[PDB]
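One chain follows as structure tokens, the form solved without the ligand.
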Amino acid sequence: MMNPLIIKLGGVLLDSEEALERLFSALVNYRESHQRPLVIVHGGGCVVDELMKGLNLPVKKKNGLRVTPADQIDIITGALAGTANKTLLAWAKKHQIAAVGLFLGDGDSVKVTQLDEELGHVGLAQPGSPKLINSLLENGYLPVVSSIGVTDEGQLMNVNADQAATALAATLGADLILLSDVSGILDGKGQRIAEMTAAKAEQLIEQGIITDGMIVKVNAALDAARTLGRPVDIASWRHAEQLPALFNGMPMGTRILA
């Protein structure tokens, strides 16, 4: 079987039924015209944000990663591993796709450990075992993986979805496409940056252009690029007309160079 293709979803995508429909239309088209098996990895995006906002719970970040107190891991796991994951599975079913929902701990696909006590239940994702997912792909299923994980001691961990995607890409030796609200990484004028290298990323970070989770996202993409030995794309899920070509390789956002 070929190296799979991981398409990572997140942001406010789940807030738009229209965007979800156009996305799944493109997913079905990709599947029915390619031999490379697909794998979806997703974060919490608007599902978690809106819930937290509704529960009047603050969202604080420390170096791009949002602090996840022990008294909130259950509700976040619910919104991320539960609501977001199952909503995506429902869209897959609606489009006659046989999908299987998983989280990072299933089949020890991605190994997770506590990243920093100051962050609480935030996990550090590293490559795991590709056996379970490889078996699902062989059997014709579309794995849909949430960014929640668990330590060997049984503690639930909230993992940055981009870092989770990169860790799974390494695990599966898969190509990777990170879909976000914006068209890749933006420069100081808010314009799309076509190509990215570690050297340029360092400069942009130094200049304050790349900040917050974007630092985590770019570093993750760069990590995947060097590990896989090939480019990783960061692009938008907003423009339907662009999805088919993007999935097939047309550069629509920021190409992270290995």
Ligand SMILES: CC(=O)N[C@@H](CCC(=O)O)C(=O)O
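Residues carry their position along the shown sequence, with the first being 1.
Just so it is clear, the following notes concern the form deposited with the ligand bound, a form of the same protein that is not shown.
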Are any of the heavy atoms in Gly64 no more than 4.5 Å from a heavy atom of the ligand in the entry with it bound?
-> yes
Partner contact for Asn158 in the entry with it bound: the ligand, 4.5 angstroms, heavy atom | yes
Would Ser109 show up as a contact with the ligand in the entry with it bound if we use heavy atoms at 4.5 Å?
-> no
Could you confirm whether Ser147 comes within 4.5 Å of the ligand in the entry with it bound, counting heavy atoms only?
-> yes
Heavy atom within 4.5 Å of the ligand in the entry with it bound - residue from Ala81, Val122, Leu137, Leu104 | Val122
Checked 21-49 against the ligand in the entry with it bound; residues with a heavy atom within 4.5 Å, sequence order, are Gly43, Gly44, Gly45
